[PDB]
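Each remark here refers to the structure printed beneath this line.
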Amino acid sequence: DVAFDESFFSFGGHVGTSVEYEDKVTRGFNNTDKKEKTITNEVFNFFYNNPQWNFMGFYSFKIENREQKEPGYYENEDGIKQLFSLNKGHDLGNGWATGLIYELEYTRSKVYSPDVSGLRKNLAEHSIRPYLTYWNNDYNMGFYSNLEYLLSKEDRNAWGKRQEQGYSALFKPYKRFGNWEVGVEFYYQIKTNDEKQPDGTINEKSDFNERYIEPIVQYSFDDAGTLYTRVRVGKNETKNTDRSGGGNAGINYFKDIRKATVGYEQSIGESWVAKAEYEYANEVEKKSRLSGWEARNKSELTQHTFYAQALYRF
């Protein structure tokens, strides 16, 4: 009945834009630096919210430019990343709700290096996430939870194809007290990786799992904005089967992850909202066995990301 009693065209939401700058250095197993800078210009994003339908939608258009430099090598990659998502919710009563999210992130790009000129890639990442939420008004606490199926398909033409398929689970209890909000994300992911050449030759066949724990602390100034910090501790493992290629058959990779994010959001007058966020990430990866050409059993990522957004609510 609701789809006829309340119009599809009765909705609110926002239109926004953002910029992101990412500065990444990976000192790999040969003890040399791979330096990458990525600038992302979100020229348009659109949020559709139809509360009467309990129905939300999101669309994003991002221009991405990445430059990579290493000893004796460079790589530039230019493309567009789009995101389309739908969220249908259902109120279960007594503080409970559920719903289903479908999300597609799709990126087409071109790569330029000493070896290739305009090699085309496209990447489609499909996410299906049923979720379950609870909130108690009296105790001012509750939780967000979801499961996820994730399918990632990358076509890199001459460089072959890569598919990742897996599941994740997330549980985030949280509470509010006065102007504070505090919570912790618990996350687990399992995934399989398959990468092949057009040949049919296997580059990678591996099993992956990741866990992280991420507390978040948030304070909302009565007469200003919302300041928040998140600290993530995580680890993951990539376990190559015996059929993996590139000297990686039977090789296991182990990664320790540390991140810190600080952000601030300010509503400005009736319509606008501004947000800035900084993230530091440090990830250290080791192998179960070195092959013979590696300088060291350590590959370390250090990454700085800054993000700024402005949106207009309607």
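Each chain in the structure tokens gets a letter, A, B, ..., in the order shown, and its residues are numbered from 1; ligands are numbered from 1 in order too.
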
Could you name the residues that touch segment 224-226 of chain A at 12 Å or less, counting only C-alpha atoms, but leaving out those on the same chain fewer than 4 positions away, as an mmCIF file with N, CA, C and O atoms, in the first residue's frame?
data_model
loop_
_atom_site.group_PDB
_atom_site.id
_atom_site.type_symbol
_atom_site.label_atom_id
_atom_site.label_comp_id
_atom_site.auth_asym_id
_atom_site.auth_seq_id
_atom_site.Cartn_x
_atom_site.Cartn_y
_atom_site.Cartn_z
ATOM 1 N N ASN A 179 26.900 14.540 25.685
ATOM 2 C CA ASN A 179 27.317 14.876 24.326
ATOM 3 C C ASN A 179 28.269 13.867 23.712
ATOM 4 O O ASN A 179 28.762 14.070 22.588
ATOM 5 N N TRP A 180 28.531 12.786 24.438
ATOM 6 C CA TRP A 180 29.479 11.769 23.986
ATOM 7 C C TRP A 180 28.799 10.608 23.267
ATOM 8 O O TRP A 180 27.656 10.234 23.579
ATOM 9 N N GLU A 181 29.520 10.030 22.312
ATOM 10 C CA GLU A 181 29.159 8.721 21.803
ATOM 11 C C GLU A 181 30.408 7.857 21.704
ATOM 12 O O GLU A 181 31.460 8.292 21.210
ATOM 13 N N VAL A 217 35.373 7.183 19.546
ATOM 14 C CA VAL A 217 34.963 8.153 20.557
ATOM 15 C C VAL A 217 34.593 9.444 19.844
ATOM 16 O O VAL A 217 35.319 9.916 18.963
ATOM 17 N N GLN A 218 33.468 10.015 20.237
ATOM 18 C CA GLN A 218 32.864 11.135 19.545
ATOM 19 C C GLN A 218 32.335 12.149 20.567
ATOM 20 O O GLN A 218 31.689 11.767 21.555
ATOM 21 N N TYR A 219 32.595 13.430 20.336
ATOM 22 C CA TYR A 219 32.025 14.468 21.195
ATOM 23 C C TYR A 219 31.375 15.565 20.352
ATOM 24 O O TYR A 219 32.004 16.123 19.447
ATOM 25 N N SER A 220 30.115 15.861 20.653
ATOM 26 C CA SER A 220 29.375 16.908 19.952
ATOM 27 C C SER A 220 29.236 18.178 20.793
ATOM 28 O O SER A 220 28.534 18.207 21.820
ATOM 29 N N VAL A 262 41.140 10.954 12.746
ATOM 30 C CA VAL A 262 40.492 12.050 13.481
ATOM 31 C C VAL A 262 39.666 12.863 12.487
ATOM 32 O O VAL A 262 40.134 13.161 11.379
ATOM 33 N N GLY A 263 38.432 13.184 12.857
ATOM 34 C CA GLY A 263 37.544 13.909 11.961
ATOM 35 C C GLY A 263 36.689 14.950 12.666
ATOM 36 O O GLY A 263 36.517 14.911 13.892
ATOM 37 N N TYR A 264 36.138 15.879 11.889
ATOM 38 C CA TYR A 264 35.280 16.929 12.447
ATOM 39 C C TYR A 264 34.205 17.296 11.450
ATOM 40 O O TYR A 264 34.488 17.490 10.270
ATOM 41 N N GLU A 265 32.970 17.389 11.935
ATOM 42 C CA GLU A 265 31.822 17.681 11.097
ATOM 43 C C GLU A 265 31.073 18.871 11.665
ATOM 44 O O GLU A 265 30.831 18.936 12.879
ATOM 45 N N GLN A 266 30.698 19.803 10.796
ATOM 46 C CA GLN A 266 29.972 20.996 11.221
ATOM 47 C C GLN A 266 28.783 21.287 10.318
ATOM 48 O O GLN A 266 28.954 21.545 9.132
ATOM 49 N N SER A 267 27.582 21.256 10.889
ATOM 50 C CA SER A 267 26.406 21.770 10.206
ATOM 51 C C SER A 267 26.499 23.289 10.180
ATOM 52 O O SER A 267 26.816 23.916 11.194
ATOM 53 N N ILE A 268 26.212 23.877 9.029
ATOM 54 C CA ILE A 268 26.306 25.320 8.868
ATOM 55 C C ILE A 268 24.985 25.894 8.361
ATOM 56 O O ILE A 268 24.644 25.735 7.190
ATOM 57 N N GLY A 269 24.227 26.534 9.252
ATOM 58 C CA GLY A 269 22.922 27.055 8.889
ATOM 59 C C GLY A 269 21.952 25.919 8.604
ATOM 60 O O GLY A 269 22.136 24.807 9.088
ATOM 61 N N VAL A 273 26.538 21.162 5.282
ATOM 62 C CA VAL A 273 27.301 20.389 6.249
ATOM 63 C C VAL A 273 28.706 20.231 5.697
ATOM 64 O O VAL A 273 28.889 19.885 4.521
ATOM 65 N N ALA A 274 29.687 20.490 6.554
ATOM 66 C CA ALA A 274 31.097 20.338 6.210
ATOM 67 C C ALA A 274 31.778 19.319 7.083
ATOM 68 O O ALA A 274 31.517 19.250 8.277
ATOM 69 N N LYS A 275 32.723 18.596 6.499
ATOM 70 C CA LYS A 275 33.421 17.538 7.193
ATOM 71 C C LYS A 275 34.874 17.464 6.715
ATOM 72 O O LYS A 275 35.139 17.569 5.524
ATOM 73 N N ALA A 276 35.805 17.284 7.640
ATOM 74 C CA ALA A 276 37.191 16.974 7.268
ATOM 75 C C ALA A 276 37.662 15.800 8.109
ATOM 76 O O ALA A 276 37.253 15.646 9.261
ATOM 77 N N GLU A 277 38.521 14.974 7.532
ATOM 78 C CA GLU A 277 38.991 13.781 8.200
ATOM 79 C C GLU A 277 40.447 13.480 7.841
ATOM 80 O O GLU A 277 40.845 13.593 6.677
#

Skipping near chain neighbours, those fewer than 4 positions away, what residues fall within 12 Å of segment 199-212 of chain A using only C-alpha atoms, listed as a VMD selection string? chain A and resid 157 to 172 184 to 195 231 to 259

Using only C-alpha atoms, find the one residue out of A:314, A:58, A:278, A:73 that sits nearest to residue 227 of chain A.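 Checking each candidate against residue 227 of chain A, we get A:278 as the closest.
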
Select from segment 67-295 of chain A everything DSSP, run on the backbone, classes as strand (DSSP E), then give the selection as a VMD selection string. chain A and resid 67 to 70 73 to 93 96 to 112 117 to 136 141 to 155 161 to 177 180 to 196 202 to 220 226 to 240 252 to 268 272 to 287

Distance table requested - segment 231-288 of chain A against segment 10-31 of chain A, cut-off 9 Å, only C-alpha atoms: one row per qualifying residue with the closest atom pair and its distance in Å to one decimal, ordered by chain and rising residue number, as CSV.
residue,atom,partner,partner_atom,distance
A:271,CA,A:14,CA,8.9
A:285,CA,A:28,CA,8.8
A:286,CA,A:29,CA,8.6

Which polymer residues have any atom within 12 Å of an atom of residue 4 of chain A, counting only C-alpha atoms, with same-chain residues fewer than 5 positions away left out, as a PyMOL selection string? chain A and resi 9-10+52-53

Resulting file, chosen residues, N, CA, C and O atoms, as a PDB file, in the first residue's frame:
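Result file result_8.pdb:
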ATOM      1  N   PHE A   9       8.534  10.142  -5.363  1.00  0.00           N
ATOM      2  CA  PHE A   9       9.126  11.458  -5.582  1.00  0.00           C
ATOM      3  C   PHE A   9       9.006  12.373  -4.363  1.00  0.00           C
ATOM      4  O   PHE A   9       9.318  13.557  -4.440  1.00  0.00           O
ATOM      5  N   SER A  10       8.549  11.826  -3.243  1.00  0.00           N
ATOM      6  CA  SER A  10       8.577  12.554  -1.980  1.00  0.00           C
ATOM      7  C   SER A  10       9.780  12.072  -1.183  1.00  0.00           C
ATOM      8  O   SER A  10       9.732  11.039  -0.518  1.00  0.00           O
ATOM      9  N   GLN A  52       9.133   7.502   4.410  1.00  0.00           N
ATOM     10  CA  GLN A  52       7.844   6.823   4.354  1.00  0.00           C
ATOM     11  C   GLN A  52       7.974   5.423   3.752  1.00  0.00           C
ATOM     12  O   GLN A  52       7.263   4.509   4.141  1.00  0.00           O
ATOM     13  N   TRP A  53       8.879   5.269   2.791  1.00  0.00           N
ATOM     14  CA  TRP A  53       9.166   3.954   2.216  1.00  0.00           C
ATOM     15  C   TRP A  53      10.221   3.176   2.999  1.00  0.00           C
ATOM     16  O   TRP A  53      10.421   1.984   2.753  1.00  0.00           O
TER      17      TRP A  53
END

Report the distance between atom CA of residue 300 of chain A and atom CA of residue 68 of chain A in Å, rounded to one decimal place. 16.0 Å

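Across A:313, A:62, A:223, A:111, the tightest approach to residue 49 of chain A is made by A:313 when counting only C-alpha atoms.
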
Would you mind reading off the distance between atom CA of residue 198 of chain A and atom CA of residue 154 of chain A, one decimal, in Å? 12.7 Å
